[PDB]
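J.: Below you'll find the structure I mean.
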Amino acid sequence: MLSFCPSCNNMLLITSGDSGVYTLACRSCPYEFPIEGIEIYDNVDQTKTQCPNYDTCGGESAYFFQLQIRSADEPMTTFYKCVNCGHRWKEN
Amino acid sequence: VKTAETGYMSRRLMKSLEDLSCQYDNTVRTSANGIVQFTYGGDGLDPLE
Amino acid sequence: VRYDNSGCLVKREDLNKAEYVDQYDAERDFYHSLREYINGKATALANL
Amino acid sequence: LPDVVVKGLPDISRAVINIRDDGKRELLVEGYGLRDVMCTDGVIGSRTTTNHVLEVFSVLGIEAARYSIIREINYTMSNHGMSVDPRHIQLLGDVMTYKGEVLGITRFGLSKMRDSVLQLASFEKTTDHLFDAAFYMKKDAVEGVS
Amino acid sequence: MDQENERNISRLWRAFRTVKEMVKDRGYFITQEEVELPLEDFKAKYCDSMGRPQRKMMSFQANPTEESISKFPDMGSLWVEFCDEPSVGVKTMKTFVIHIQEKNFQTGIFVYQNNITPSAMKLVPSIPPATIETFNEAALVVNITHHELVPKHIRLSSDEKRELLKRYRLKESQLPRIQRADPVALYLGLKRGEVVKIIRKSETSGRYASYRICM
Ligand SMILES: [Zn+2]
C-alpha cells in the first residue's frame, strides 16, 4: 500500500493485533495507526417476434441475422435485434 | 561471411546420405541392404537424362 | 497385364477402381496420354 | 492477480485475421497448440497445416509428417531461385522418416541406423565411439564407402 | 452452465461418431445409419429428460461379418464399455476385467474421462489369450486418417505377407518400419509383425504405393 510514519518516515506494515483486531505499525519505532485503509490502481431486415425486453417496450418488430456456426451438422444460430431499445440478442 | 558457412551444410548432409545406390531389383537400398524405398520417386526416371 | 493382391488376376472391373494399385502405373499413364494426344490432333482434323 | 488466464489456451503468442486467396478470409496462428485449436469448436479442422514437422509427428505421425517435411522443403527453396527438381527432395525426406521416427543429420541424431563405428567417428566424434564399441564388444562389418 | 455444457455434449456426440466409424473399418459389422445420427436421436437415447447425459448406457456390442472372418481366420465380436469418473484406478476396472472374463471375446475398449495415473496401469495388457485398449476422450474428436495428409492404410493377412516376400525375394523385417503407440498404429490396433500396405499420392507420376511393416 506504500505508506509511511512521520518522524522516522520509513514504512508501514500490517501487523496482526491480539484478539480480533488488525493494525499496523512502523518497524523499530513505536506507533499505532487507526483508520480504514484504501488503495486503487488502474437497417433493412425485419422479422416478427415477441420482444423479451420489457420496460414500456413490449415491441412487436425485430431484426435478425443469419450465419452458420460450429460443426456442419450443428444447426443455425440466429441473432435478434430490437427496434426501440436497440438490444442485441443471441440464441441458436 | 557466407563463404565459410557454405561448407558445413553440404558436408553434414552428405555423411548421412553418403552411401546409397540402386540395385538390379530396381529398389534403392542402403549399405545394410535395408530397403528405404521400393521405387525411386515413384517413377524410376533420372532427372539427369 | 494385371495382378490382383497376391498371386491372383483381377476381373473386368477394378481396372477403373484400382484399389489394389501395383506399381508400373507410370508406364500405363504414359501410353494413355500419348494415345489421347494423337486423338486430340485427330479430332482437330475432324472439325477442320 | 492481474495475470492469470480467463479463457483460451496457454500457448499462442498472438493471432492474425488475413484475407485468404482472391476474396476469401481465414486466420493464421502462432503457437504449439495444433490439435487443441483443431479440437476447438467453430472451425473445420479437416484441412489444416502446421510447421515444425517434429510435432506433427506427435499427432498425425510418420507418413503425414514425411509428406509435410517434403512440402516445406520444396516451397521455401522454390522461391529464392533455380530448381532442385521433385525427385531429389522425396528421397531426402524418406531416408529420414523410413525408420518410423523423424531424426537425423545431427551428431546426436546421426546415430540411429548405421552400426559402422569408423564412419561415425569420422563425421563427428573422437573418444567416445572407440571406447564404447570396445566396451559393449561390438563387431559390425566393413561395408560402406567411407 | 447451459452454454459450456452443450459444448461438451456436442463434443461427446462427435466423439461417439469417432469411435463408431473406427470400429467399422476394422472389418466389424455395422451400418451407415449406426455412425450417422443428428443431435435429435442422440439427445433421446443417451441423454435424460432432465437434460443431463449419461455414461454407462452408451456401452454396446458389435461383431464381424463375411470376409472379416474369412480373410482373418482368428477373430470375433468384442465388447466396448465407457468410463465413469475422471479419476482412474481399480474400481470399475475390476468388474470390467470380470466382464471380459466370462464374456470372453477379444478386446474391451474404454474411452477415458480426464486424467490417467499409474494406478489404472496396474495390469492393463494381460488377458493372456487376448488384450485390451485405452482411449482418451480429449484426444478423440475427429478421425486422423480422414483428415488431410494421412492416406489409406490397408492391413493385410499372413497370406499376402509371405507372397510379398516372395516377390522381391526378401528375408523378413528389414522393410521400412512403423512404430506402435503411434496414434495411427494404435488406431487400427496393430500387433507385432503386421504389414500394412500404404497407397500415397504426391505429384510426380501421381498415385504409387509402398509397404511398411510394424515393429
Ligand atoms: Zn514510524
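Numbering starts fresh at 1 for the residues of each chain in the C-alpha cells, the chains themselves are lettered A, B, ... in the order given, and ligands are numbered from 1 as they appear.
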Using only C-alpha atoms, determine which residues of chain E fall within 9 Å of chain C; present them as a PyMOL selection string.
T.: chain E and resi 159-161+163-164+199+205-210
J.: For chain E, which residues have at least one atom within 8 Å of chain D, if we go by only C-alpha atoms? Write them as an mmCIF file with N, CA, C and O atoms, in the first residue's frame, please.
T.:
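Done, and the output landed in result_25.cif:
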data_model
loop_
_atom_site.group_PDB
_atom_site.id
_atom_site.type_symbol
_atom_site.label_atom_id
_atom_site.label_comp_id
_atom_site.auth_asym_id
_atom_site.auth_seq_id
_atom_site.Cartn_x
_atom_site.Cartn_y
_atom_site.Cartn_z
ATOM 1 N N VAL E 141 -11.801 -36.606 -31.164
ATOM 2 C CA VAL E 141 -12.876 -35.738 -31.628
ATOM 3 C C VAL E 141 -13.196 -36.046 -33.092
ATOM 4 O O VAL E 141 -14.290 -36.508 -33.415
ATOM 5 N N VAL E 142 -12.232 -35.786 -33.971
ATOM 6 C CA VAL E 142 -12.344 -36.144 -35.378
ATOM 7 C C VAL E 142 -11.274 -37.173 -35.735
ATOM 8 O O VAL E 142 -10.216 -37.222 -35.105
ATOM 9 N N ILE E 144 -8.249 -39.086 -37.592
ATOM 10 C CA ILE E 144 -6.986 -38.616 -38.156
ATOM 11 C C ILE E 144 -6.761 -39.112 -39.584
ATOM 12 O O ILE E 144 -6.255 -38.377 -40.431
ATOM 13 N N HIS E 146 -8.784 -39.566 -41.867
ATOM 14 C CA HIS E 146 -9.666 -38.877 -42.802
ATOM 15 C C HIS E 146 -9.301 -37.398 -42.956
ATOM 16 O O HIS E 146 -9.995 -36.650 -43.644
ATOM 17 N N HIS E 147 -8.204 -36.973 -42.335
ATOM 18 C CA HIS E 147 -8.004 -35.545 -42.120
ATOM 19 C C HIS E 147 -7.480 -34.793 -43.344
ATOM 20 O O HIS E 147 -8.263 -34.176 -44.066
ATOM 21 N N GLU E 148 -6.176 -34.843 -43.597
ATOM 22 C CA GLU E 148 -5.635 -34.234 -44.810
ATOM 23 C C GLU E 148 -4.568 -35.079 -45.496
ATOM 24 O O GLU E 148 -4.785 -35.639 -46.571
ATOM 25 N N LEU E 149 -3.411 -35.155 -44.847
ATOM 26 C CA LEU E 149 -2.220 -35.764 -45.423
ATOM 27 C C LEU E 149 -2.236 -37.281 -45.308
ATOM 28 O O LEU E 149 -1.731 -37.982 -46.185
ATOM 29 N N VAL E 150 -2.812 -37.781 -44.219
ATOM 30 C CA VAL E 150 -2.836 -39.214 -43.953
ATOM 31 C C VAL E 150 -3.622 -39.961 -45.024
ATOM 32 O O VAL E 150 -4.823 -39.744 -45.186
ATOM 33 N N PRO E 151 -2.938 -40.847 -45.762
ATOM 34 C CA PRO E 151 -3.557 -41.644 -46.820
ATOM 35 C C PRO E 151 -4.164 -42.932 -46.275
ATOM 36 O O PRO E 151 -4.166 -43.148 -45.064
ATOM 37 N N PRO E 176 10.850 -50.877 -44.545
ATOM 38 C CA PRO E 176 10.530 -49.643 -43.817
ATOM 39 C C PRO E 176 9.539 -49.935 -42.699
ATOM 40 O O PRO E 176 8.542 -50.611 -42.941
ATOM 41 N N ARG E 177 9.808 -49.451 -41.492
ATOM 42 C CA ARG E 177 9.014 -49.868 -40.344
ATOM 43 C C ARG E 177 7.992 -48.824 -39.912
ATOM 44 O O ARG E 177 7.955 -47.711 -40.435
ATOM 45 N N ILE E 178 7.168 -49.203 -38.939
ATOM 46 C CA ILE E 178 6.198 -48.301 -38.331
ATOM 47 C C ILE E 178 6.139 -48.564 -36.831
ATOM 48 O O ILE E 178 5.924 -49.698 -36.402
ATOM 49 N N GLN E 179 6.330 -47.516 -36.038
ATOM 50 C CA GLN E 179 6.292 -47.651 -34.587
ATOM 51 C C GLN E 179 4.872 -47.895 -34.094
ATOM 52 O O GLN E 179 3.901 -47.595 -34.788
ATOM 53 N N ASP E 182 2.091 -45.244 -31.818
ATOM 54 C CA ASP E 182 1.826 -44.244 -32.839
ATOM 55 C C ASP E 182 0.318 -44.097 -32.984
ATOM 56 O O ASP E 182 -0.386 -45.092 -33.150
ATOM 57 N N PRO E 183 -0.184 -42.854 -32.910
ATOM 58 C CA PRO E 183 -1.614 -42.535 -32.994
ATOM 59 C C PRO E 183 -2.336 -43.215 -34.158
ATOM 60 O O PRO E 183 -3.517 -43.534 -34.029
ATOM 61 N N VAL E 184 -1.643 -43.431 -35.272
ATOM 62 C CA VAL E 184 -2.218 -44.167 -36.394
ATOM 63 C C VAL E 184 -2.158 -45.674 -36.145
ATOM 64 O O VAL E 184 -3.108 -46.401 -36.438
ATOM 65 N N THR E 204 4.333 -36.790 -58.964
ATOM 66 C CA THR E 204 5.387 -36.984 -59.946
ATOM 67 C C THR E 204 4.765 -37.775 -61.088
ATOM 68 O O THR E 204 4.534 -37.260 -62.182
#
J.: Where in chain B does DSSP assign helix (DSSP H, G or I), given as a ChimeraX atom specification?
T.: /B:2-17,40-42
J.: Write the residues you've just listed into a file as a CSV table (one decimal), in the first residue's frame, and include N, CA and C atoms for each of them.
T.:
chain,number,residue,atom,x,y,z
B,2,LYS,N,29.5,-15.5,-45.7
B,2,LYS,CA,28.7,-16.6,-46.2
B,2,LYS,C,29.6,-17.7,-46.8
B,3,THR,N,30.8,-17.3,-47.2
B,3,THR,CA,31.7,-18.3,-47.9
B,3,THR,C,32.1,-19.4,-46.9
B,4,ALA,N,32.4,-19.1,-45.7
B,4,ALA,CA,32.8,-20.1,-44.7
B,4,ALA,C,31.7,-21.0,-44.3
B,5,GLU,N,30.5,-20.5,-44.3
B,5,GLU,CA,29.3,-21.3,-43.9
B,5,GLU,C,28.9,-22.3,-45.0
B,6,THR,N,29.3,-22.0,-46.2
B,6,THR,CA,28.9,-22.9,-47.3
B,6,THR,C,29.3,-24.3,-47.2
B,7,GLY,N,30.4,-24.6,-46.6
B,7,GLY,CA,31.0,-25.9,-46.5
B,7,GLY,C,30.3,-26.8,-45.5
B,8,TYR,N,29.8,-26.3,-44.4
B,8,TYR,CA,29.3,-27.1,-43.3
B,8,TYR,C,28.0,-27.8,-43.6
B,9,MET,N,27.1,-27.1,-44.2
B,9,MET,CA,25.8,-27.6,-44.6
B,9,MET,C,25.9,-28.9,-45.4
B,10,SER,N,26.4,-28.7,-46.7
B,10,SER,CA,26.5,-29.8,-47.6
B,10,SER,C,27.3,-31.0,-47.1
B,11,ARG,N,28.3,-30.7,-46.3
B,11,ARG,CA,29.1,-31.7,-45.6
B,11,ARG,C,28.3,-32.7,-44.8
B,12,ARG,N,27.7,-32.1,-43.7
B,12,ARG,CA,26.9,-32.9,-42.8
B,12,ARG,C,25.7,-33.6,-43.5
B,13,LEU,N,25.2,-33.0,-44.5
B,13,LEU,CA,24.1,-33.5,-45.3
B,13,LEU,C,24.5,-34.7,-46.1
B,14,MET,N,25.8,-34.7,-46.5
B,14,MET,CA,26.4,-35.8,-47.3
B,14,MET,C,26.6,-37.0,-46.4
B,15,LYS,N,27.3,-36.9,-45.3
B,15,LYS,CA,27.7,-38.0,-44.5
B,15,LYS,C,26.6,-38.9,-44.0
B,16,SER,N,25.4,-38.4,-44.0
B,16,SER,CA,24.2,-39.2,-43.8
B,16,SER,C,23.8,-40.0,-45.0
B,17,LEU,N,23.5,-39.3,-46.1
B,17,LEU,CA,23.1,-39.9,-47.4
B,17,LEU,C,24.3,-40.4,-48.2
B,40,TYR,N,12.3,-45.5,-57.1
B,40,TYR,CA,12.8,-44.1,-56.9
B,40,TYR,C,11.8,-43.1,-57.5
B,41,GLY,N,11.4,-42.1,-56.6
B,41,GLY,CA,10.5,-41.1,-57.0
B,41,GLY,C,9.1,-41.6,-57.4
B,42,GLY,N,8.8,-42.9,-57.1
B,42,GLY,CA,7.6,-43.5,-57.5
B,42,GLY,C,7.5,-43.7,-59.0
J.: If the limit is 9 Å from any atom of ligand 1, counting only C-alpha atoms and all ligand atoms, which residues qualify? Return them as a ChimeraX atom specification.
T.: /A:4-12,25-32
J.: Leaving out residue 34 (chain B) and any residue of its chain fewer than 6 positions from it, which residues lie within 12 Å of it when counting only C-alpha atoms, given as a list in words?
T.: residues 20, 21, 22, 23, 27 and 28 of chain B; 95, 98, 99, 113 and 114 of chain D; 170, 171, 172, 173, 174, 175, 176 and 177 of chain E
J.: Near residue 130 (chain D), counting only C-alpha atoms, which residues have an atom at most 8 Å away, once you skip same-chain residues fewer than 3 positions from it, shown as a PyMOL selection string?
T.: chain D and resi 117+121+126-127+133-134
J.: Could you produce a table of the residues of chain D lying within 12 Å of chain B, with the nearest pair of atoms per residue and their separation in Å rounded to one decimal, using only C-alpha atoms, ordered by chain and increasing residue number, as a tab-separated table?
T.:
residue	atom	partner	partner_atom	distance
D:83	CA	B:47	CA	11.5
D:84	CA	B:47	CA	10.0
D:85	CA	B:47	CA	7.5
D:86	CA	B:41	CA	8.1
D:87	CA	B:41	CA	5.4
D:88	CA	B:41	CA	8.1
D:89	CA	B:41	CA	9.1
D:90	CA	B:41	CA	6.6
D:91	CA	B:41	CA	7.2
D:92	CA	B:17	CA	7.9
D:93	CA	B:36	CA	10.7
D:94	CA	B:36	CA	7.1
D:95	CA	B:36	CA	6.2
D:96	CA	B:16	CA	9.3
D:97	CA	B:36	CA	9.3
D:98	CA	B:36	CA	6.3
D:99	CA	B:36	CA	8.6
D:100	CA	B:36	CA	11.2
D:103	CA	B:16	CA	11.1
D:104	CA	B:16	CA	7.7
D:105	CA	B:16	CA	6.0
D:106	CA	B:12	CA	7.6
D:107	CA	B:12	CA	9.1
D:109	CA	B:16	CA	10.2
D:110	CA	B:16	CA	7.1
D:111	CA	B:16	CA	9.8
D:112	CA	B:16	CA	10.5
D:113	CA	B:32	CA	9.0
D:114	CA	B:32	CA	8.0
D:115	CA	B:32	CA	8.9
D:116	CA	B:32	CA	9.8
D:119	CA	B:15	CA	8.4
D:120	CA	B:15	CA	8.8
D:121	CA	B:15	CA	11.4
D:122	CA	B:15	CA	9.1
D:123	CA	B:15	CA	6.6
D:124	CA	B:12	CA	9.1
D:140	CA	B:32	CA	10.1
D:141	CA	B:32	CA	9.5
D:142	CA	B:31	CA	9.7
D:143	CA	B:31	CA	6.3
D:144	CA	B:31	CA	5.6
D:145	CA	B:19	CA	6.2
D:146	CA	B:19	CA	8.1
J.: Could you check how far CA of residue 72 (chain A) sits from CA of residue 185 (chain E), in Å to one decimal?
T.: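 Those two atoms sit 28.5 Å apart.
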J.: Excluding same-chain residues fewer than 5 positions from region 11-24 of chain D, what lies within 10 Å of it counting only C-alpha atoms, as a PyMOL selection string?
T.: chain D and resi 29-34+37
J.: Convert the current residue selection to file output with C-alpha atoms, as a CSV table (one decimal), in the first residue's frame.
T.:
chain,number,residue,atom,x,y,z
D,29,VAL,CA,-2.0,-18.7,-35.6
D,30,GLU,CA,1.4,-18.7,-33.9
D,31,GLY,CA,1.7,-21.4,-31.3
D,32,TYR,CA,2.5,-25.0,-30.4
D,33,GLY,CA,-1.2,-25.8,-29.8
D,34,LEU,CA,-2.3,-27.6,-33.0
D,37,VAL,CA,-7.1,-25.4,-31.5
J.: Contacts between chain A and chain D, please, where a residue of chain D counts if it comes within 9 Å (with only C-alpha atoms); show its shortest atom pair and distance in Å to one decimal, rows by chain and ascending number, as JSON lines.
T.:
{"residue": "D:41", "atom": "CA", "partner": "A:70", "partner_atom": "CA", "distance": 5.7}
{"residue": "D:42", "atom": "CA", "partner": "A:70", "partner_atom": "CA", "distance": 3.7}
{"residue": "D:43", "atom": "CA", "partner": "A:70", "partner_atom": "CA", "distance": 6.4}
{"residue": "D:44", "atom": "CA", "partner": "A:71", "partner_atom": "CA", "distance": 7.3}
J.: Quick one: pull the distance between CA of residue 29 (chain B) and CA of residue 169 (chain E), Å, one decimal.
T.: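 Between these atoms lies a distance of 14.2 Å.
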J.: Mind listing as a list in words which residues of chain E are within 12 Å of chain A, counting only C-alpha atoms?
T.: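 Within 12 Å of chain A on chain E, we get residues 2, 3, 6, 7, 9, 10, 11, 13, 14, 17, 36, 37, 38, 39, 40, 141 and 142 of chain E.
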J.: Do you have the CA of residue 195 (chain E)-CA of residue 212 (chain E) distance handy?
T.: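 Value for the CA of residue 195 (chain E)-CA of residue 212 (chain E) distance: 6.0 Å.
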J.: Which polymer residues have any atom within 10 Å of an atom of residue 187 (chain E), counting only C-alpha atoms, with same-chain residues fewer than 2 positions away left out, as an NGL selection string?
T.: :E and (19 or 22-23 or 26 or 133 or 135 or 143-145 or 180-185 or 189-190)
J.: Restrict the selected residues to N, CA and C atoms and save them as a CSV table (one decimal), in the first residue's frame.
T.:
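Final output, saved to part-v6.csv:
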chain,number,residue,atom,x,y,z
E,19,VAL,N,-15.5,-43.0,-32.5
E,19,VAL,CA,-15.3,-44.4,-32.1
E,19,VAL,C,-16.2,-45.4,-32.9
E,22,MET,N,-14.7,-45.8,-36.5
E,22,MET,CA,-13.5,-46.5,-36.2
E,22,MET,C,-13.6,-48.0,-36.2
E,23,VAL,N,-14.7,-48.5,-35.5
E,23,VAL,CA,-15.0,-49.9,-35.4
E,23,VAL,C,-15.4,-50.5,-36.7
E,26,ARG,N,-12.4,-51.8,-39.2
E,26,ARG,CA,-11.7,-53.0,-38.7
E,26,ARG,C,-12.3,-54.3,-39.2
E,133,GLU,N,-7.6,-52.2,-24.7
E,133,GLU,CA,-7.1,-50.9,-25.3
E,133,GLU,C,-7.6,-49.7,-24.5
E,135,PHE,N,-8.3,-45.5,-24.6
E,135,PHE,CA,-8.5,-44.3,-25.4
E,135,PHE,C,-9.0,-43.1,-24.5
E,143,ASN,N,-11.6,-38.0,-36.7
E,143,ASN,CA,-10.6,-39.1,-37.1
E,143,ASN,C,-9.4,-38.5,-37.9
E,144,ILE,N,-8.2,-39.1,-37.6
E,144,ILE,CA,-7.0,-38.6,-38.2
E,144,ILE,C,-6.8,-39.1,-39.6
E,145,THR,N,-7.1,-40.4,-39.8
E,145,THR,CA,-6.9,-41.0,-41.2
E,145,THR,C,-7.7,-40.3,-42.3
E,180,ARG,N,4.8,-48.4,-32.9
E,180,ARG,CA,3.5,-48.6,-32.3
E,180,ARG,C,3.4,-47.8,-31.0
E,181,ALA,N,2.2,-47.5,-30.6
E,181,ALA,CA,1.8,-46.3,-29.7
E,181,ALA,C,1.7,-45.1,-30.5
E,182,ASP,N,2.1,-45.2,-31.8
E,182,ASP,CA,1.8,-44.2,-32.8
E,182,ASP,C,0.3,-44.1,-33.0
E,183,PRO,N,-0.2,-42.9,-32.9
E,183,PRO,CA,-1.6,-42.5,-33.0
E,183,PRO,C,-2.3,-43.2,-34.2
E,184,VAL,N,-1.6,-43.4,-35.3
E,184,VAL,CA,-2.2,-44.2,-36.4
E,184,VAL,C,-2.2,-45.7,-36.1
E,185,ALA,N,-1.0,-46.1,-35.6
E,185,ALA,CA,-0.8,-47.5,-35.3
E,185,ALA,C,-1.9,-48.0,-34.3
E,189,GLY,N,-5.0,-50.8,-34.1
E,189,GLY,CA,-4.7,-51.8,-33.2
E,189,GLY,C,-3.8,-52.9,-33.8
E,190,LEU,N,-2.7,-52.5,-34.3
E,190,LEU,CA,-1.8,-53.5,-35.0
E,190,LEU,C,-0.9,-54.2,-33.9
J.: From a backbone DSSP assignment, name each residue in chain E labelled strand (DSSP E or B), as a PyMOL selection string.
T.: chain E and resi 28+47+53+60-62+64+78-82+109-111+127+130+133-135+152-155+196-201+207-212
